[PDB]
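Participant: Here it is, the structure in full.
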Amino acid sequence: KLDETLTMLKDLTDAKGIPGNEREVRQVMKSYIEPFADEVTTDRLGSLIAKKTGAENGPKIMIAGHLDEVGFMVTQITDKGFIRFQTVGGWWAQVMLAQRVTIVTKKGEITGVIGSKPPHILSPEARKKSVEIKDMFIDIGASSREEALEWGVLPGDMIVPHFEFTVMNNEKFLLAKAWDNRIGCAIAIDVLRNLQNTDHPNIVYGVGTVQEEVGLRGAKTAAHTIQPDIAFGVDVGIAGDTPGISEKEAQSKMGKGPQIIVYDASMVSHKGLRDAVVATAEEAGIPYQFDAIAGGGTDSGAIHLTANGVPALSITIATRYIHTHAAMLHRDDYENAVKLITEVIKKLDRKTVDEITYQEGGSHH
Ligand SMILES: [Zn+2]
């Protein structure tokens, strides 16, 4: 039995949606978030936008998670019925072999397994070197291209990992596919939920962007549609609390609070906004951790470059095994991220946003 929160997280992570194929996820997020929004719309690529007005002419605050999860796409059916695919999102070859996947065809779902050449047929050296993704295939038990086509398989079909939502013996730890970034979508939902019963001097947009995993694409189009004054990118961060990792390599720990990202490859955090958020956490007694993502980015990267620019900050959840069939995250970090963003939004009136944005006067002009 799962409570209201876990039920929602399970529904979100259960949804299937890779870049350019996010509809099912959008439908689930929409059902959960509309009760807390005055208006729900989408951009032309499919990003879900839920608007909640707290103050008619108040500043616009964008909270962005992303609907897409990393996956694969059918590209070819061999003469013998095997499926060739293309990775859509960043995948590490070493977590793919012998994994169960689901191909979503026009005729329904088809279960398959990712495979390669048997080890004994490879050279002792090649047996130690990682198999190349381009040399992998998916087996669905077909014996010819004709048969696979008859079953409904076609180039372009979405292929998604299959994994059952699992609550660990310590119920705070949750194992599931796509925490990246259904957890961010969840954060946007629950923040709007909190705003239904508390005043906020602004207009808040809970957003589920599309195609973040292929280049922060939906974030660009969604932000253009919204024209936000402030933005918070919510996503997952890499946890460094597993065997073999030193603090120098990854300092964050699950359960120690949401991560305040000071820097990532797509954006240098806005100091004014960053300081405002940190101050709020301290005042509210909310735990948090600082971190940086040298080789990664978040939707904030695209959002902050919209029009005249947008002061923004990324807040993430330290997660283990990102971009694999089963990631693990801590419920307290999730709940505290929601509380932190809610408390910050309550302070973001026009005056505060103007001063955070224009630091040399005439800010209210
Ligand atoms: Zn992400």
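Starting from 1 in every chain, residues are counted up; chains themselves are A, B, ... following the order of the structure tokens, and ligands are numbered from 1 as listed.
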Find the residues around residue A:46 up to 9 Å (only C-alpha atoms counted), leave out those fewer than 5 positions away in its own chain, and share them as a short mmCIF file (atom, residue, chain, number, x, y, z; two decimals) with N, CA, C and O atoms, in the first residue's frame.
Facilitator:
```cif
data_model
loop_
_atom_site.label_atom_id
_atom_site.label_comp_id
_atom_site.auth_asym_id
_atom_site.auth_seq_id
_atom_site.Cartn_x
_atom_site.Cartn_y
_atom_site.Cartn_z
N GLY A 20 10.54 13.57 -27.46
CA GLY A 20 9.69 13.56 -28.63
C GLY A 20 8.52 12.59 -28.55
O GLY A 20 7.75 12.45 -29.50
N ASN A 21 8.37 11.93 -27.40
CA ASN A 21 7.30 10.95 -27.20
C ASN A 21 6.80 11.01 -25.76
O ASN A 21 6.53 9.98 -25.15
N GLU A 22 6.66 12.23 -25.25
CA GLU A 22 6.26 12.45 -23.86
C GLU A 22 4.77 12.47 -23.50
O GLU A 22 4.42 12.62 -22.33
N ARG A 23 3.89 12.30 -24.49
CA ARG A 23 2.45 12.37 -24.25
C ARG A 23 1.88 11.64 -23.02
O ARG A 23 1.13 12.24 -22.24
N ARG A 26 2.86 13.49 -19.96
CA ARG A 26 2.17 14.77 -19.89
C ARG A 26 0.75 14.55 -19.37
O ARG A 26 0.26 15.32 -18.54
N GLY A 208 6.37 21.06 -17.18
CA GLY A 208 6.93 19.77 -17.50
C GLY A 208 7.44 19.95 -18.92
O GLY A 208 6.68 19.83 -19.88
N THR A 209 8.72 20.27 -19.06
CA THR A 209 9.28 20.49 -20.38
C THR A 209 9.47 19.19 -21.14
O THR A 209 9.53 18.11 -20.54
N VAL A 210 9.56 19.29 -22.46
CA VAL A 210 9.80 18.10 -23.27
C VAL A 210 11.25 18.17 -23.73
O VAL A 210 11.89 19.22 -23.67
N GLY A 218 12.77 21.61 -25.00
CA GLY A 218 11.46 22.06 -24.57
C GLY A 218 11.55 23.23 -23.60
O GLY A 218 10.64 24.06 -23.54
N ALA A 222 9.25 26.40 -23.98
CA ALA A 222 8.33 26.64 -22.88
C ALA A 222 8.59 28.00 -22.25
O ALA A 222 7.66 28.75 -21.96
#
```
Participant: So that I can see what lies close to stretch 120-130 of chain A, please list as a PyMOL selection string the residues with an atom at most 9 Å from it, counting only C-alpha atoms and leaving out residues fewer than 2 positions away in the same chain.
Facilitator: chain A and resi 93-94+117-118+132-133
Participant: Counting only C-alpha atoms and all ligand atoms, which residues in chain A sit no more than 9 Å from ligand 1? For each one, give the nearest pair of atoms and the distance in Å, sorted by chain then residue number, as a Markdown table.
Facilitator:
```
| residue | atom | partner | partner_atom_place_in_ligand_line | distance |
| --- | --- | --- | --- | --- |
| A:65 | CA | ligand 1 | 1 (Zn) | 7.7 |
| A:66 | CA | ligand 1 | 1 (Zn) | 6.8 |
| A:68 | CA | ligand 1 | 1 (Zn) | 8.5 |
| A:69 | CA | ligand 1 | 1 (Zn) | 8.0 |
| A:178 | CA | ligand 1 | 1 (Zn) | 8.9 |
| A:179 | CA | ligand 1 | 1 (Zn) | 8.3 |
| A:180 | CA | ligand 1 | 1 (Zn) | 4.7 |
| A:181 | CA | ligand 1 | 1 (Zn) | 4.9 |
| A:182 | CA | ligand 1 | 1 (Zn) | 8.7 |
| A:184 | CA | ligand 1 | 1 (Zn) | 8.0 |
| A:212 | CA | ligand 1 | 1 (Zn) | 7.0 |
| A:213 | CA | ligand 1 | 1 (Zn) | 6.8 |
| A:234 | CA | ligand 1 | 1 (Zn) | 8.2 |
| A:235 | CA | ligand 1 | 1 (Zn) | 4.9 |
| A:236 | CA | ligand 1 | 1 (Zn) | 5.5 |
| A:237 | CA | ligand 1 | 1 (Zn) | 7.8 |
| A:297 | CA | ligand 1 | 1 (Zn) | 8.1 |
| A:298 | CA | ligand 1 | 1 (Zn) | 6.4 |
| A:299 | CA | ligand 1 | 1 (Zn) | 8.0 |
| A:316 | CA | ligand 1 | 1 (Zn) | 8.9 |
| A:322 | CA | ligand 1 | 1 (Zn) | 8.6 |
| A:323 | CA | ligand 1 | 1 (Zn) | 8.9 |
```
Participant: Kindly export the residues of the current selection with C-alpha atoms, as a compact mmCIF listing (two decimals), in the first residue's frame.
Facilitator:
```txt
# COMPACT_ATOMS: atom_id res chain seq x y z
CA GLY A 65 10.97 19.71 -14.38
CA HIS A 66 11.12 17.61 -17.56
CA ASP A 68 11.20 12.98 -20.99
CA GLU A 69 13.25 10.05 -19.72
CA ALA A 178 13.01 7.79 -14.59
CA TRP A 179 13.53 9.59 -11.27
CA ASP A 180 15.32 11.75 -13.83
CA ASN A 181 13.15 13.64 -14.04
CA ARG A 182 9.71 12.57 -12.83
CA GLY A 184 11.17 17.30 -10.82
CA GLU A 212 15.47 17.99 -21.93
CA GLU A 213 17.63 14.88 -22.42
CA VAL A 234 14.26 21.18 -10.64
CA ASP A 235 15.97 17.93 -11.60
CA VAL A 236 18.17 15.16 -10.22
CA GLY A 237 21.83 15.46 -9.31
CA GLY A 297 23.23 20.83 -17.51
CA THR A 298 19.59 21.44 -16.60
CA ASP A 299 16.56 23.15 -18.16
CA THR A 316 18.30 19.10 -7.58
CA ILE A 322 20.73 8.08 -12.97
CA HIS A 323 20.07 7.13 -16.61
```
Participant: For each of A:346, A:248, A:177, A:220, take the minimum atom-to-atom distance to residue A:328, counting only C-alpha atoms, then give the residue where this is smallest.
Facilitator: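 Under the stated criterion, the closest residue is A:177.
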Participant: Stretch 80-90 of chain A: which residues within 6 Å, counting only C-alpha atoms, same-chain residues fewer than 4 positions away excluded, as a list in words?
Facilitator: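 The contact residues come out as residues 70, 71, 72, 73, 74, 75, 76, 137, 138, 139, 142, 143, 144, 145, 148, 213 and 214 of chain A.
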Participant: Those residues with N, CA, C and O atoms, as a short mmCIF file (atom, residue, chain, number, x, y, z; two decimals), in the first residue's frame please?
Facilitator:
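Ended up saving to out-v2.cif:
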```cif
data_model
loop_
_atom_site.label_atom_id
_atom_site.label_comp_id
_atom_site.auth_asym_id
_atom_site.auth_seq_id
_atom_site.Cartn_x
_atom_site.Cartn_y
_atom_site.Cartn_z
N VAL A 70 15.37 9.13 -20.51
CA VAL A 70 16.24 8.59 -21.55
C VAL A 70 15.68 7.25 -22.01
O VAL A 70 15.10 6.49 -21.23
N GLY A 71 15.84 6.97 -23.30
CA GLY A 71 15.34 5.73 -23.85
C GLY A 71 15.99 5.42 -25.18
O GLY A 71 17.12 5.85 -25.44
N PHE A 72 15.27 4.70 -26.02
CA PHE A 72 15.79 4.32 -27.33
C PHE A 72 14.68 4.44 -28.37
O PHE A 72 13.50 4.57 -28.03
N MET A 73 15.07 4.39 -29.63
CA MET A 73 14.11 4.49 -30.72
C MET A 73 14.48 3.46 -31.78
O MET A 73 15.64 3.31 -32.13
N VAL A 74 13.48 2.73 -32.27
CA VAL A 74 13.71 1.73 -33.30
C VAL A 74 14.21 2.44 -34.56
O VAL A 74 13.64 3.46 -34.95
N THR A 75 15.26 1.91 -35.17
CA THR A 75 15.79 2.52 -36.39
C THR A 75 15.79 1.54 -37.55
O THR A 75 15.74 1.95 -38.71
N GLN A 76 15.83 0.25 -37.25
CA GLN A 76 15.86 -0.76 -38.30
C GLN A 76 15.45 -2.14 -37.79
O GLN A 76 15.66 -2.46 -36.62
N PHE A 137 21.60 -4.97 -30.00
CA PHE A 137 20.34 -5.16 -30.68
C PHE A 137 19.27 -5.54 -29.67
O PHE A 137 19.58 -5.80 -28.50
N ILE A 138 18.02 -5.56 -30.11
CA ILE A 138 16.91 -5.94 -29.24
C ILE A 138 16.22 -7.15 -29.85
O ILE A 138 15.92 -7.17 -31.05
N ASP A 139 16.00 -8.16 -29.02
CA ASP A 139 15.37 -9.41 -29.43
C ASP A 139 13.94 -9.47 -28.91
O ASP A 139 13.71 -9.36 -27.70
N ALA A 142 11.13 -12.45 -32.80
CA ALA A 142 10.68 -12.47 -34.18
C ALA A 142 11.69 -13.27 -34.99
O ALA A 142 12.85 -13.40 -34.59
N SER A 143 11.26 -13.82 -36.13
CA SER A 143 12.16 -14.62 -36.96
C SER A 143 12.39 -14.04 -38.36
O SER A 143 13.13 -14.61 -39.16
N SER A 144 11.76 -12.90 -38.64
CA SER A 144 11.92 -12.24 -39.93
C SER A 144 11.45 -10.80 -39.83
O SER A 144 10.71 -10.44 -38.92
N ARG A 145 11.88 -9.97 -40.77
CA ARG A 145 11.46 -8.57 -40.78
C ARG A 145 9.95 -8.53 -40.97
O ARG A 145 9.25 -7.77 -40.32
N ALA A 148 8.13 -9.12 -37.64
CA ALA A 148 8.25 -7.99 -36.72
C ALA A 148 7.33 -6.85 -37.18
O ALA A 148 6.69 -6.20 -36.36
N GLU A 213 16.53 15.82 -22.23
CA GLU A 213 17.63 14.88 -22.42
C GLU A 213 18.37 14.94 -23.75
O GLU A 213 19.44 14.34 -23.90
N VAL A 214 17.82 15.66 -24.73
CA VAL A 214 18.49 15.77 -26.02
C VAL A 214 19.02 17.18 -26.27
O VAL A 214 19.47 17.49 -27.38
#
```
Participant: Which of stretch 241-303 of chain A end up as alpha helix (DSSP H) when DSSP is run on this backbone - answer as JSON, numbers by chain?
Facilitator: {"A": [271, 272, 273, 274, 275, 276, 277, 278, 279, 280, 281, 282, 283, 284, 300, 301, 302, 303]}
Participant: Pick the closest to residue A:227 from A:265, A:62, A:277, A:2: which is it, counting only C-alpha atoms?
Facilitator: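 Closest to residue A:227 of all the choices is A:62.
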Participant: I'd like the neighbourhood of stretch 267-273 of chain A as a VMD selection string, where a residue qualifies if any of its atoms comes within 6 Å (using only C-alpha atoms), though same-chain residues fewer than 4 positions away should be ignored.
Facilitator: chain A and resid 262 to 263 301 311 to 313 356
Participant: Would you put the residues from that selection into a file with N, CA and C atoms, as a PDB file, in the first residue's frame?
Facilitator:
```pdb
ATOM      1  N   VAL A 262      25.461  25.567  -7.673  1.00  0.00           N
ATOM      2  CA  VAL A 262      26.119  26.847  -7.879  1.00  0.00           C
ATOM      3  C   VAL A 262      26.627  26.973  -9.310  1.00  0.00           C
ATOM      4  N   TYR A 263      26.831  25.836  -9.967  1.00  0.00           N
ATOM      5  CA  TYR A 263      27.336  25.833 -11.334  1.00  0.00           C
ATOM      6  C   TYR A 263      27.174  24.496 -12.046  1.00  0.00           C
ATOM      7  N   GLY A 301      19.470  26.051 -17.976  1.00  0.00           N
ATOM      8  CA  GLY A 301      20.426  26.486 -18.981  1.00  0.00           C
ATOM      9  C   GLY A 301      19.787  27.171 -20.176  1.00  0.00           C
ATOM     10  N   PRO A 311      16.883  35.557 -14.307  1.00  0.00           N
ATOM     11  CA  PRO A 311      17.665  35.132 -13.142  1.00  0.00           C
ATOM     12  C   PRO A 311      17.129  33.744 -12.806  1.00  0.00           C
ATOM     13  N   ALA A 312      18.013  32.760 -12.684  1.00  0.00           N
ATOM     14  CA  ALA A 312      17.565  31.401 -12.404  1.00  0.00           C
ATOM     15  C   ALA A 312      18.521  30.605 -11.536  1.00  0.00           C
ATOM     16  N   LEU A 313      18.009  29.502 -11.003  1.00  0.00           N
ATOM     17  CA  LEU A 313      18.783  28.626 -10.139  1.00  0.00           C
ATOM     18  C   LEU A 313      18.257  27.209 -10.288  1.00  0.00           C
ATOM     19  N   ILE A 356      16.473  41.740  -7.242  1.00  0.00           N
ATOM     20  CA  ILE A 356      17.312  40.582  -7.527  1.00  0.00           C
ATOM     21  C   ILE A 356      17.841  40.700  -8.956  1.00  0.00           C
TER      22      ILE A 356
END
```
Participant: Using backbone DSSP assignments, extract all strand (DSSP E or B) residues from stretch 121-349 of chain A; output them as a PyMOL selection string.
Facilitator: chain A and resi 137-139+158-161+166-167+173-176+203-209+230-238+259-264+267-268+289-293+312-320+327-330
Participant: Select, from A:79, A:173, A:192, A:136, the residue with the minimum atom-to-atom distance to residue A:50, counting only C-alpha atoms.
Facilitator: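 Smallest distance to residue A:50 is found for A:192.
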Participant: So which one's closest to residue A:274, A:13, A:314, A:211, A:289? Using only C-alpha atoms, please.
Facilitator: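 Closest residue, counting only C-alpha atoms: A:314.
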Participant: May I have the residues within 8 Å of residue A:200 as a VMD selection string, using only C-alpha atoms and disregarding those fewer than 3 positions away in the same chain?
Facilitator: chain A and resid 54 to 55 195 203 345 to 349
Participant: For N, CA and C atoms, I'd like the residues from the last selection saved as a CSV table (one decimal), in the first residue's frame.
Facilitator:
```csv
chain,number,residue,atom,x,y,z
A,54,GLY,N,-1.2,34.1,-8.1
A,54,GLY,CA,-1.3,34.4,-6.7
A,54,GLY,C,-1.6,35.9,-6.6
A,55,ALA,N,-1.0,36.7,-7.5
A,55,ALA,CA,-1.2,38.1,-7.6
A,55,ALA,C,-1.3,38.5,-9.0
A,195,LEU,N,0.7,26.1,-2.8
A,195,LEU,CA,0.3,27.4,-3.1
A,195,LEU,C,-1.2,27.6,-3.2
A,203,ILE,N,2.8,35.1,-9.9
A,203,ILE,CA,2.2,34.1,-10.8
A,203,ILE,C,3.2,33.0,-11.0
A,345,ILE,N,9.1,31.2,-3.0
A,345,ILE,CA,8.1,31.9,-3.8
A,345,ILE,C,7.2,32.8,-3.0
A,346,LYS,N,7.0,32.5,-1.7
A,346,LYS,CA,6.2,33.4,-0.9
A,346,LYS,C,6.8,34.8,-0.7
A,347,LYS,N,8.1,34.8,-0.9
A,347,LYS,CA,8.9,36.1,-0.7
A,347,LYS,C,9.2,36.8,-2.0
A,348,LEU,N,8.9,36.2,-3.1
A,348,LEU,CA,9.2,36.8,-4.4
A,348,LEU,C,8.1,37.7,-5.0
A,349,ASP,N,7.9,38.9,-4.3
A,349,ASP,CA,7.0,39.9,-4.8
A,349,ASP,C,7.7,40.7,-5.9
```
Participant: Could you tell me how far atom CA of residue A:336 lies from atom CA of residue A:233, in Å and to one decimal?
Facilitator: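 Computed distance, atom CA of residue A:336 to atom CA of residue A:233, equals 15.2 Å.
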Participant: Quick one: residues within 10 Å of residue A:33, only C-alpha atoms counted, chain neighbours fewer than 5 positions away excluded, as a list in words?
Facilitator: residues 28, 40, 48, 49, 50, 51, 185, 186, 188, 189, 190, 191, 192, 193, 206 and 207 of chain A
Participant: Can you tell me which residues surround residue A:176 at a distance of at most 6 Å, considering only C-alpha atoms, apart from same-chain residues fewer than 6 positions away, and format the answer as a ChimeraX atom specification?
Facilitator: /A:165,326-327
Participant: From the options A:104, A:97, A:168, A:160, which residue's atoms come nearest to residue A:135, counting only C-alpha atoms?
Facilitator: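 So, comparing all the options, the nearest one is A:97.
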